[PDB]
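These notes concern the structure reproduced below.
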Amino acid sequence: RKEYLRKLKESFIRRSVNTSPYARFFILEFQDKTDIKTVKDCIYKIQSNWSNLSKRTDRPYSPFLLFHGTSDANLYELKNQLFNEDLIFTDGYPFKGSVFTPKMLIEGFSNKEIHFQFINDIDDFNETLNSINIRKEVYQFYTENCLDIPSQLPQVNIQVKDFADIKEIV
Amino acid sequence: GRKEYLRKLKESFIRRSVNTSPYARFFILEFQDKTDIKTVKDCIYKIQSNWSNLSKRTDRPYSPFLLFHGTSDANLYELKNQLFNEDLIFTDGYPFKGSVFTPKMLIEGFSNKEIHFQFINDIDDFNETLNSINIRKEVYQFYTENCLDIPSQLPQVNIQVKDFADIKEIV
Amino acid sequence: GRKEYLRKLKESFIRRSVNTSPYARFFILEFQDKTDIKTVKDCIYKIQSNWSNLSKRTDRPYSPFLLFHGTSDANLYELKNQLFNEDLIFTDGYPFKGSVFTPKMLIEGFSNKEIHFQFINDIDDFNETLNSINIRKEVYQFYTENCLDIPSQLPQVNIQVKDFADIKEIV
Amino acid sequence: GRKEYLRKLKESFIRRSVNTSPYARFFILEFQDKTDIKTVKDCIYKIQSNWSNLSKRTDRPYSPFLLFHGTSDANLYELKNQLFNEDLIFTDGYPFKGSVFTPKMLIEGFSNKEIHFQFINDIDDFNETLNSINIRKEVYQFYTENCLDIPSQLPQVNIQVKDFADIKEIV
Amino acid sequence: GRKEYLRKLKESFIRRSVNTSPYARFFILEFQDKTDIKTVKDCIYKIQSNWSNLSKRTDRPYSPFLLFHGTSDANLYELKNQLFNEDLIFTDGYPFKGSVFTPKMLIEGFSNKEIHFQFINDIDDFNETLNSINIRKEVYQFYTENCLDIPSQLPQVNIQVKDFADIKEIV
Amino acid sequence: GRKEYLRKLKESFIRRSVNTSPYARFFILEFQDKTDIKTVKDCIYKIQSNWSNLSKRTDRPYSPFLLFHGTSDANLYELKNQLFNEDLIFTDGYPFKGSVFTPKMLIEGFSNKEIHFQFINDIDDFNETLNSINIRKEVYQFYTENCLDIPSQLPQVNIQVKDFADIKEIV
């Protein structure tokens with residue numbers, strides 16, 4: 001069990017090597033059988049590892065979060081808990097009834113007070129890709145269903161038994 | 001060997017630092033009548049030293065939350081009296097005699113560098129301060145015979161220990 | 001096993017720790033029209049991030065020189081347009097449209113911190129550039145099938161790889 | 001080998017553990033007649049070097065407390081006189097000749113950066129010092145044949161060594 | 001194998017770690033007509049980078065002394081002209097054409113941060129300068145077929161190499 | 001192997017990591033007229049570099065004391081003359097001709113950052129300067145045939161070496 005989790009860390013993720021401010025996209029497979037608590041541990045581990053919002057730096061970066069396969073009932077409720085625990089994010093909807101605004105995701109990438117970025121669906125994700133100009137890397141962790149990632153994006157796909165192992169690899 | 005049981009329990013549930021992030025860490029230690037007072041104090045001092053950052057260099061300080069159960073109030077209050085005389089300054093939401101539970105005193109003491117940790121008297125004050133803390137809260141449980149019930153929405157670990165003495169090197 | 005091949009090529013010729021000095025390092029890759037622009041940009045980003053010191057602390061900055069051969073100008077200009085759009089600012093000796101090759105831009109961009117690396121369009125630009133840098137120059141050539149003819153007075157190492165993807169983790 | 005029995009003793013029974021913390025650490029060593037003066041001084045210098053922090057950077061200094069038993073007063077005062085000659089300044093609660101025991105001098109000497117450690121003469125001076133200290137106390141006992149009686153409310157560790165020379169490497 | 005005897009010749013003869021102090025370190029290489037100028041230049045760049053500390057932070061700079069023997073003056077001057085063109089500024093005691101040997105120029109260049117190393121032309125200039133440095137000197141000699149007769153009061157080490165390529169691995 | 005014998009002798013008695021202190025360290029070496037002058041210099045230079053801290057940052061400088069026995073005064077004065085010519089400034093309590101032994105110059109030279117080490121001429125000046133240093137004094141004795149007699153109140157160590165060249169590896 002612990003040797004299965006060791007090979008996935010070293011082969012694909014390379015957490016210590018990669019520190020440049022890249023538009024890193026973390027696509028996670030949210031299902032009904034997994035609970036919100038384990039998703040929040042994965043989100044907190046992704047943000048704490050792949051963002052640098054320290055005051056000393058001059059090139060801050062924040063990760064991008066995308067979830068698929070789940071309903072909007074627990075996707076919005078996970079979003080509601082995360083804002084209550086002072087993990088401030090953006091998703092391109094700064095007010096109620098807004099259209100999707102990629103610029104709010106762009107400014108939140110360099111904003112030190114915004115910890116990560118949420119992406120609601122696939123159409124928000126594809127519209128975000130054409131708006132970021134800097135280098136983008138896509139990391140996907142999934143259990144059953146994968147996602148159609150554009151072929152010109154540097155992509156990795158990682159298969160896990162369930163959602164609990166993702167926070168170790170990240 | 002006994003060094004291996006400590007090494008397994010130190011890594012299976014507990015992490016060494018949990019990234020040193022300011023989190024509402026709750027340490028629930030199951031105090032018995034058979035457990036000596038001073039071996040609880042060694043566990044409290046080890047928990048406070050490892051799981052708080054009260055240095056002046058930081059701008060995001062944090063302090064652990066301590067809860068004890070399974071023991072009477074006679075030796076529970078006796079433990080709290082000794083910890084105050086040894087300059088281990090804590091708070092429990094009771095700033096004066098005949099006070100109601102003030103969970104905001106635990107909120108300020110979490111960010112206070114002069115308050116080393118936060119004491120929680122019992123279950124009713126434990127659930128009251130759970131709804132007063134908005135930031136991420138984690139519960140660490142160290143029990144021998146009796147395990148408390150934690151709300152299912154919190155990240156919790158439950159670690160069985162042979163006695164109270166081996167809790168000190170796990171944390 | 002299988003990863004011992006990549007470890008041996010890393011240890012044999014190309015070491016990052018001892019090469020902290022500002023030399024005019026030339027990196028030559030074999031674009032063979034069968035690898036896409038994705039794996040080329042991963043190799044360029046890894047070469048640039050390792051083999052340049054554009055930090056504001058240092059007073060002797062340096063940037064690598066990048067040369068590609070064996071490919072058409074359609075996907076060479078396609079690769080160059082993507083790199084400039086991704087804020088990886090480079091110079092190729094052509095500061096404006098219709099310009100002749102100006103090697104002084106590659107001289108200035110070598111010591112410039114906002115210029116990340118230097119592009120070389122073809123072999124004729126490469127030979128003209130080598131007469132412009134006075135300080136010590138090294139040539140690192142990575143290729144699969146076709147090897148360039150480097151002049152003999154330069155310190156050169158040649159690395160053969162199975163495909164273009166192995167160059168990323170070698171450097 | 002002889003290094004192996006002290007290696008497990010240097011880590012398991014006693015260790016560095018919680019250090020750079022201003023605790024009232026009491027070191028109790030068995031000074032005997034067969035143990036000469038020189039190896040006691042090498043043990044005292046090693047205890048002072050490791051278990052005190054008197055640098056000007058800190059604002060929470062601490063110094064160890066030294067207690068000796070099982071020896072005559074003639075070679076106890078000979079050891080105290082030689083340590084004071086080599087600028088290892090200590091206090092024993094007797095600031096002048098014919099003074100009663102003043103534990104306040106050991107209160108100030110514990111936090112004094114210019115006072116390297118604290119001396120305790122016998123058991124009556126040790127018990128009265130314990131009541132005067134309010135902060136956390138730990139008793140580190142090193143003995144060969146006879147072990148001193150310590151109050152049970154204190155954290156105690158007992159080390160039985162083959163001779164006094166092993167104490168300087170254990171501590 | 002080749003990587004085993006390389007480490008044995010590296011570790012035993014030359015201790016890289018301890019020698020950080022400013023001593024007048026003389027490096028003697030056995031330049032042959034069969035040895036290419038490019039392979040010599042990599043050894044000089046490796047010798048200079050490892051054995052000089054000309055940073056602006058320090059106050060005790062030092063540079064290695066370089067001596068070559070067994071080769072003609074045609075390629076020795078060609079090697080010296082190539083190193084000066086690559087901004088590897090050296091001195092050799094001949095500040096102008098027709099000058100006599102000035103060991104004082106080698107003395108000033110030893111503490112000069114703008115001068116990277118010191119060239120010595122032949123044996124007679126090597127013996128003349130040895131009476132001019134007063135501080136501690138060491139002679140490191142690398143040779144393949146012909147060895148020099150170093151004066152016996154100097155700390156000398158002699159390394160026999162198969163060819164000139166592995167000298168830069170030792171330094 | 002032979003490299004073990006240097007490693008056991010180094011690890012058993014002399015540790016650089018554990019001392020790091022302003023102690024009056026005495027290094028007594030056996031100059032026995034069969035080793036030439038030059039190998040004593042690398043021994044003295046290694047002892048001075050490893051066992052002294054004369055940086056401007058520190059407020060507590062220290063320099064080692066060195067004593068040579070068993071050799072004549074012709075090569076002992078000859079060794080002293082080369083060390084002073086190589087800018088290794090020392091003192092021996094004789095600031096002028098006709099001076100009596102002044103151990104004060106060995107005291108101010110101990111705390112002097114311009115005095116690298118202290119020379120002891122013979123056993124008469126060694127015993128006299130022992131009573132002049134108030135601070136803790138340690139004696140390190142390296143010998144091959146004849147061992148000097150050390151007073152029993154000092155921390156002394158005797159290392160038996162095959163020859164003088166192995167001493168600089170131990171220190």
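Here, A, B, ... name the chains of the structure tokens in the order displayed, residue numbers run from 1 inside each chain, and ligands are numbered from 1 in the same displayed order.
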Put chain E on top of chain D with a least-squares fit on all C-alpha atoms, paired in order, and send it back as an mmCIF file with C-alpha atoms, in the first residue's frame.
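Output (superposed11.cif):
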data_model
loop_
_atom_site.group_PDB
_atom_site.id
_atom_site.type_symbol
_atom_site.label_atom_id
_atom_site.label_comp_id
_atom_site.auth_asym_id
_atom_site.auth_seq_id
_atom_site.Cartn_x
_atom_site.Cartn_y
_atom_site.Cartn_z
ATOM 1 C CA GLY E 1 30.118 -3.292 23.092
ATOM 2 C CA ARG E 2 31.034 -0.150 25.003
ATOM 3 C CA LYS E 3 29.985 2.065 22.080
ATOM 4 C CA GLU E 4 26.642 0.239 21.715
ATOM 5 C CA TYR E 5 25.339 0.567 25.281
ATOM 6 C CA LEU E 6 26.636 4.149 25.382
ATOM 7 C CA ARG E 7 24.325 5.095 22.505
ATOM 8 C CA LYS E 8 21.418 3.159 24.042
ATOM 9 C CA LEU E 9 21.876 5.026 27.329
ATOM 10 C CA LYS E 10 22.338 8.283 25.402
ATOM 11 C CA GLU E 11 19.319 8.106 23.103
ATOM 12 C CA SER E 12 16.631 6.546 25.306
ATOM 13 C CA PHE E 13 17.139 8.455 28.559
ATOM 14 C CA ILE E 14 18.027 11.931 27.243
ATOM 15 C CA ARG E 15 16.519 13.529 24.134
ATOM 16 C CA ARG E 16 19.024 16.247 23.239
ATOM 17 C CA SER E 17 17.208 17.678 20.208
ATOM 18 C CA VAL E 18 13.751 18.570 21.536
ATOM 19 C CA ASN E 19 14.787 20.125 24.866
ATOM 20 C CA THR E 20 15.692 23.640 23.753
ATOM 21 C CA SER E 21 13.065 25.482 25.844
ATOM 22 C CA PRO E 22 13.972 27.228 29.127
ATOM 23 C CA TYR E 23 13.034 24.702 31.813
ATOM 24 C CA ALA E 24 14.695 24.521 35.217
ATOM 25 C CA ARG E 25 16.843 21.480 34.460
ATOM 26 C CA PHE E 26 18.385 19.864 37.547
ATOM 27 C CA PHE E 27 21.444 17.673 36.978
ATOM 28 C CA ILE E 28 22.393 15.392 39.868
ATOM 29 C CA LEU E 29 25.758 13.625 39.767
ATOM 30 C CA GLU E 30 27.011 11.067 42.287
ATOM 31 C CA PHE E 31 30.439 12.416 43.240
ATOM 32 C CA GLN E 32 32.653 9.827 44.946
ATOM 33 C CA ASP E 33 35.994 10.067 46.712
ATOM 34 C CA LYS E 34 37.472 7.769 44.045
ATOM 35 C CA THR E 35 36.361 10.167 41.285
ATOM 36 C CA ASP E 36 38.976 12.736 40.289
ATOM 37 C CA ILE E 37 38.105 16.447 40.235
ATOM 38 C CA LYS E 38 39.290 16.747 36.615
ATOM 39 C CA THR E 39 36.782 14.165 35.358
ATOM 40 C CA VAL E 40 33.986 16.012 37.176
ATOM 41 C CA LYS E 41 34.986 19.318 35.556
ATOM 42 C CA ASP E 42 34.706 17.872 32.042
ATOM 43 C CA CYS E 43 31.183 16.689 32.873
ATOM 44 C CA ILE E 44 30.186 20.114 34.236
ATOM 45 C CA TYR E 45 31.610 21.856 31.161
ATOM 46 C CA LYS E 46 29.703 19.407 28.955
ATOM 47 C CA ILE E 47 26.482 19.870 30.952
ATOM 48 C CA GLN E 48 26.739 23.670 30.934
ATOM 49 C CA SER E 49 27.606 24.006 27.235
ATOM 50 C CA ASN E 50 24.832 21.674 26.071
ATOM 51 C CA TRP E 51 22.064 22.767 28.460
ATOM 52 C CA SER E 52 22.450 26.548 28.681
ATOM 53 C CA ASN E 53 21.609 29.161 26.050
ATOM 54 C CA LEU E 54 23.129 32.451 27.232
ATOM 55 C CA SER E 55 23.699 34.072 23.833
ATOM 56 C CA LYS E 56 22.880 37.751 23.402
ATOM 57 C CA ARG E 57 20.463 36.957 20.553
ATOM 58 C CA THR E 58 17.898 35.171 22.731
ATOM 59 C CA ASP E 59 15.444 36.675 25.205
ATOM 60 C CA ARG E 60 14.683 33.506 27.219
ATOM 61 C CA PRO E 61 17.989 32.371 28.739
ATOM 62 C CA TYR E 62 18.351 29.289 30.892
ATOM 63 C CA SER E 63 21.126 27.570 32.829
ATOM 64 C CA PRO E 64 21.333 24.046 34.260
ATOM 65 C CA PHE E 65 21.216 23.389 37.984
ATOM 66 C CA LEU E 66 24.042 21.230 39.332
ATOM 67 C CA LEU E 67 23.874 18.996 42.410
ATOM 68 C CA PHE E 68 26.508 16.621 43.790
ATOM 69 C CA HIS E 69 26.154 14.046 46.557
ATOM 70 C CA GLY E 70 28.122 11.275 48.214
ATOM 71 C CA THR E 71 31.373 13.230 48.585
ATOM 72 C CA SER E 72 33.059 15.220 51.326
ATOM 73 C CA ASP E 73 32.853 18.996 51.614
ATOM 74 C CA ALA E 74 36.637 19.327 51.248
ATOM 75 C CA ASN E 75 36.763 18.324 47.578
ATOM 76 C CA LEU E 76 33.338 19.812 46.809
ATOM 77 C CA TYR E 77 34.680 23.220 47.839
ATOM 78 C CA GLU E 78 37.896 22.471 45.945
ATOM 79 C CA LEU E 79 35.860 21.646 42.823
ATOM 80 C CA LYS E 80 33.830 24.841 43.282
ATOM 81 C CA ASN E 81 37.014 26.881 43.690
ATOM 82 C CA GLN E 82 38.512 25.418 40.512
ATOM 83 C CA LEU E 83 35.412 26.166 38.415
ATOM 84 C CA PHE E 84 35.241 29.781 39.585
ATOM 85 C CA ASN E 85 38.909 30.308 38.710
ATOM 86 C CA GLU E 86 38.314 29.176 35.106
ATOM 87 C CA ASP E 87 35.684 31.919 34.541
ATOM 88 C CA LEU E 88 32.822 29.398 34.804
ATOM 89 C CA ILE E 89 30.803 31.762 36.971
ATOM 90 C CA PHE E 90 28.083 30.063 39.014
ATOM 91 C CA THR E 91 25.853 30.850 41.973
ATOM 92 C CA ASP E 92 24.847 28.725 44.946
ATOM 93 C CA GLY E 93 22.556 30.902 47.069
ATOM 94 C CA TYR E 94 25.395 32.007 49.382
ATOM 95 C CA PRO E 95 26.445 35.453 48.115
ATOM 96 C CA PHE E 96 28.553 36.211 51.206
ATOM 97 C CA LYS E 97 30.273 34.360 54.030
ATOM 98 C CA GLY E 98 27.842 33.517 56.798
ATOM 99 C CA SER E 99 24.854 34.016 54.514
ATOM 100 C CA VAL E 100 21.710 31.948 54.833
ATOM 101 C CA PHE E 101 20.619 30.148 51.675
ATOM 102 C CA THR E 102 18.999 32.575 49.250
ATOM 103 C CA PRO E 103 17.055 30.685 46.549
ATOM 104 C CA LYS E 104 16.375 34.058 44.907
ATOM 105 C CA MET E 105 20.048 34.203 43.886
ATOM 106 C CA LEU E 106 19.523 30.898 42.077
ATOM 107 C CA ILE E 107 16.365 32.370 40.516
ATOM 108 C CA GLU E 108 18.150 35.463 39.185
ATOM 109 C CA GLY E 109 21.074 33.379 37.939
ATOM 110 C CA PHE E 110 18.734 31.187 35.893
ATOM 111 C CA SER E 111 17.865 34.113 33.605
ATOM 112 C CA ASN E 112 21.313 35.723 33.963
ATOM 113 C CA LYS E 113 23.567 35.309 30.936
ATOM 114 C CA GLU E 114 26.697 36.078 32.982
ATOM 115 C CA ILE E 115 26.003 33.114 35.300
ATOM 116 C CA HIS E 116 26.725 29.858 33.503
ATOM 117 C CA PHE E 117 25.138 27.302 35.846
ATOM 118 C CA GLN E 118 23.880 26.933 39.411
ATOM 119 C CA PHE E 119 25.548 24.932 42.161
ATOM 120 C CA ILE E 120 23.487 23.225 44.858
ATOM 121 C CA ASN E 121 25.364 22.161 47.970
ATOM 122 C CA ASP E 122 23.295 19.367 49.547
ATOM 123 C CA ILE E 123 19.798 17.907 49.823
ATOM 124 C CA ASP E 124 18.331 20.585 52.105
ATOM 125 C CA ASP E 125 19.277 23.379 49.714
ATOM 126 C CA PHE E 126 17.974 21.277 46.816
ATOM 127 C CA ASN E 127 14.536 20.868 48.400
ATOM 128 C CA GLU E 128 14.427 24.524 49.477
ATOM 129 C CA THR E 129 15.046 25.841 45.963
ATOM 130 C CA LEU E 130 12.508 23.450 44.376
ATOM 131 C CA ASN E 131 9.739 25.496 46.002
ATOM 132 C CA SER E 132 11.237 28.691 44.520
ATOM 133 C CA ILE E 133 11.278 27.955 40.786
ATOM 134 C CA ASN E 134 7.680 28.009 39.586
ATOM 135 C CA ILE E 135 8.237 27.021 35.926
ATOM 136 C CA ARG E 136 8.606 23.426 34.714
ATOM 137 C CA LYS E 137 11.524 21.501 36.219
ATOM 138 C CA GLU E 138 13.185 18.233 35.237
ATOM 139 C CA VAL E 139 15.600 16.183 37.337
ATOM 140 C CA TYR E 140 18.314 14.305 35.448
ATOM 141 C CA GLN E 141 20.172 11.956 37.780
ATOM 142 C CA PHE E 142 23.393 10.082 37.035
ATOM 143 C CA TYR E 143 24.629 7.641 39.655
ATOM 144 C CA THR E 144 26.809 4.566 40.054
ATOM 145 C CA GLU E 145 26.080 3.120 43.514
ATOM 146 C CA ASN E 146 23.875 5.487 45.549
ATOM 147 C CA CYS E 147 20.632 7.010 44.273
ATOM 148 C CA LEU E 148 18.703 10.003 45.582
ATOM 149 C CA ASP E 149 15.019 10.149 46.523
ATOM 150 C CA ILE E 150 13.586 12.766 44.170
ATOM 151 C CA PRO E 151 10.082 14.039 45.058
ATOM 152 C CA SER E 152 7.499 12.192 43.005
ATOM 153 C CA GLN E 153 5.697 15.126 41.353
ATOM 154 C CA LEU E 154 8.820 16.056 39.374
ATOM 155 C CA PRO E 155 9.790 14.556 36.006
ATOM 156 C CA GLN E 156 12.782 12.431 37.000
ATOM 157 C CA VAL E 157 15.001 10.119 34.978
ATOM 158 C CA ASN E 158 17.707 7.914 36.494
ATOM 159 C CA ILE E 159 20.847 6.696 34.713
ATOM 160 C CA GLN E 160 23.135 4.013 36.141
ATOM 161 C CA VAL E 161 26.714 4.413 34.906
ATOM 162 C CA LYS E 162 29.777 2.242 35.429
ATOM 163 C CA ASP E 163 31.866 5.288 36.370
ATOM 164 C CA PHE E 164 31.883 9.065 35.967
ATOM 165 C CA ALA E 165 33.723 9.206 32.628
ATOM 166 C CA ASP E 166 30.822 8.226 30.363
ATOM 167 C CA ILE E 167 28.383 10.711 31.933
ATOM 168 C CA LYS E 168 29.822 13.472 29.736
ATOM 169 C CA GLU E 169 29.305 11.233 26.690
ATOM 170 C CA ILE E 170 25.593 11.026 27.524
ATOM 171 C CA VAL E 171 25.415 14.796 27.913
#
Q. As a PyMOL selection string, which residues of stretch 18-117 of chain A does DSSP assign to alpha helix (DSSP H)?
A. chain A and resi 36-49+72-84+102-110
Q) How many Å separate atom CA of residue A:48 from atom CA of residue A:95? A) 26.8 Å
Q) So which residues touch stretch 128-131 of chain A within 12 Å, counting only C-alpha atoms, skipping near sequence neighbours fewer than 6 positions away, as a PyMOL selection string? A) (chain A and resi 23-25+64-66+91-92+100-107+109+117-122+137-138+149-150+152-153) or (chain C and resi 85-86)
Take the residues from that selection and put them in a file with N, CA and C atoms, as a compact mmCIF listing (two decimals), in the first residue's frame.
# COMPACT_ATOMS: atom_id res chain seq x y z
N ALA A 23 0.73 28.29 -14.67
CA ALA A 23 -0.71 28.14 -14.50
C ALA A 23 -1.02 26.65 -14.38
N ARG A 24 -0.89 26.14 -13.17
CA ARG A 24 -1.02 24.71 -12.91
C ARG A 24 -2.49 24.38 -12.68
N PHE A 25 -3.02 23.46 -13.48
CA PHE A 25 -4.41 23.06 -13.41
C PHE A 25 -4.50 21.69 -12.77
N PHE A 64 -4.95 26.05 -9.97
CA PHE A 64 -6.30 26.06 -10.53
C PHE A 64 -6.96 24.73 -10.20
N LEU A 65 -8.20 24.79 -9.72
CA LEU A 65 -8.93 23.61 -9.28
C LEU A 65 -10.14 23.39 -10.17
N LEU A 66 -10.30 22.17 -10.67
CA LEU A 66 -11.45 21.79 -11.47
C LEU A 66 -11.98 20.45 -10.98
N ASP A 91 -13.73 32.11 -9.16
CA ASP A 91 -14.20 31.22 -10.22
C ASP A 91 -14.73 31.97 -11.43
N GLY A 92 -14.46 33.27 -11.54
CA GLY A 92 -14.95 34.05 -12.65
C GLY A 92 -16.36 34.57 -12.51
N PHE A 100 -19.25 34.42 -16.89
CA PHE A 100 -17.92 33.95 -16.52
C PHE A 100 -16.88 34.97 -16.97
N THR A 101 -16.04 35.41 -16.03
CA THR A 101 -15.02 36.41 -16.31
C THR A 101 -13.65 35.79 -16.14
N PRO A 102 -12.97 35.42 -17.23
CA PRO A 102 -11.60 34.88 -17.10
C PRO A 102 -10.61 35.82 -16.43
N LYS A 103 -10.84 37.13 -16.52
CA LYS A 103 -9.89 38.10 -15.98
C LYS A 103 -9.76 37.98 -14.47
N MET A 104 -10.87 37.69 -13.77
CA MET A 104 -10.81 37.49 -12.33
C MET A 104 -9.97 36.28 -11.96
N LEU A 105 -9.94 35.26 -12.82
CA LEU A 105 -9.04 34.14 -12.61
C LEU A 105 -7.60 34.52 -12.91
N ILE A 106 -7.38 35.44 -13.85
CA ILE A 106 -6.03 35.87 -14.18
C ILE A 106 -5.45 36.71 -13.05
N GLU A 107 -6.23 37.66 -12.53
CA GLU A 107 -5.75 38.52 -11.45
C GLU A 107 -5.57 37.74 -10.15
N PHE A 109 -4.54 34.76 -9.92
CA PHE A 109 -3.32 33.97 -10.04
C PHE A 109 -2.13 34.71 -9.44
N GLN A 117 -7.86 28.94 -7.41
CA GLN A 117 -8.93 29.29 -8.33
C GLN A 117 -9.83 28.09 -8.54
N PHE A 118 -11.14 28.31 -8.48
CA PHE A 118 -12.11 27.28 -8.78
C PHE A 118 -12.53 27.38 -10.23
N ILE A 119 -12.82 26.24 -10.84
CA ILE A 119 -13.41 26.19 -12.17
C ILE A 119 -14.64 25.30 -12.09
N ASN A 120 -15.80 25.85 -12.47
CA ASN A 120 -17.06 25.17 -12.22
C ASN A 120 -17.27 23.98 -13.15
N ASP A 121 -16.99 24.15 -14.44
CA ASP A 121 -17.31 23.12 -15.41
C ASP A 121 -16.27 23.13 -16.53
N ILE A 122 -16.53 22.32 -17.56
CA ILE A 122 -15.59 22.16 -18.66
C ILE A 122 -15.53 23.42 -19.51
N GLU A 137 0.25 23.88 -17.13
CA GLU A 137 0.38 22.44 -16.99
C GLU A 137 -0.89 21.89 -16.36
N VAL A 138 -1.36 20.76 -16.88
CA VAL A 138 -2.61 20.15 -16.44
C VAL A 138 -2.27 18.84 -15.75
N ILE A 149 -8.76 16.47 -22.42
CA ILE A 149 -7.84 17.60 -22.27
C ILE A 149 -7.35 17.97 -23.66
N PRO A 150 -7.24 19.26 -24.00
CA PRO A 150 -6.68 19.65 -25.30
C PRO A 150 -5.25 19.14 -25.47
N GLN A 152 -2.64 20.21 -27.05
CA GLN A 152 -1.50 21.13 -27.03
C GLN A 152 -1.06 21.52 -25.62
N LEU A 153 -1.76 21.05 -24.59
CA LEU A 153 -1.46 21.30 -23.19
C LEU A 153 -0.60 20.18 -22.62
N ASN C 85 4.56 34.11 -26.72
CA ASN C 85 3.25 34.30 -26.12
C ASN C 85 3.20 33.83 -24.68
N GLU C 86 4.07 32.90 -24.29
CA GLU C 86 4.12 32.40 -22.92
C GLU C 86 5.10 33.16 -22.05
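Between atom CA of residue A:14 and atom CA of residue A:63 lies a distance of 15.2 Å.
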Q. As an MDAnalysis selection string, which residues of stretch 1-151 of chain C does DSSP assign to strand (DSSP E)?
A. chainID C and resid 24:30 65:69 90:91 117:120 137:143
**Q.** Interatomic distance (Å, one decimal) between atom CA of residue A:114 and atom CA of residue A:32
**A.** 27.9 Å
Q: May I ask you to extract the residues of chain A within 10 Å of chain B, using only C-alpha atoms, and to give them as number ranges by chain?
A: A: 35-38, 40-41, 44-45, 48-49, 81-87
